[PDB]
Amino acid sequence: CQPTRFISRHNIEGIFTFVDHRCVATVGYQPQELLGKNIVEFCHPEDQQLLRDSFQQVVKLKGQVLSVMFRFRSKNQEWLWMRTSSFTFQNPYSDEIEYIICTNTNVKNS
């Protein structure tokens, strides 16, 4: 059984700047409901600071993956456990600011 997941791209602040349409099956929102919003706006109050801090550190880890588990508010207002694996990218031919690529998978807290 394939895990339900979707890819997103974020600026260093956390704002969704690209969202794969597999988000609808994973968390119930259309891409347009996520784009322009901070991922933290969908995060359980208890996990928000962890998520902020994860985004702040991933840019320091030389492109390695940083993982975080957090509760994501689905379109039905229910808390889903997500495991987000994130890493930075910047096109090496440029000095554009790094952005963050995330794979977001609904997982069990068991």
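The first residue of the shown sequence is 1; numbering continues from there.
A.B. asks: Output the stretch having the higher mean C-alpha B factor in the entry; the candidates are 47 to 55 and 28 to 36.
C.D. replies: If you average the C-alpha B-factors of 47 to 55 and of 28 to 36, the larger mean comes out for 28 to 36.
A.B. asks: Mean CA temperature factor from the deposited coordinates, higher in 77 to 85 or in 57 to 65?
C.D. replies: Between 57 to 65 and 77 to 85, it is 57 to 65.
A.B. asks: Select lowest, middle or highest to describe the third in which the CA B-factor of residue 102 falls within its chain in this entry.
C.D. replies: Lowest third.
A.B. asks: Taking only the Cα B-factors deposited for this chain, tell me whether residue 19 sits in the lowest, middle or highest third.
C.D. replies: For residue 19, whose C-alpha B-factor we compare with every modelled residue in the chain, the answer is the middle third.
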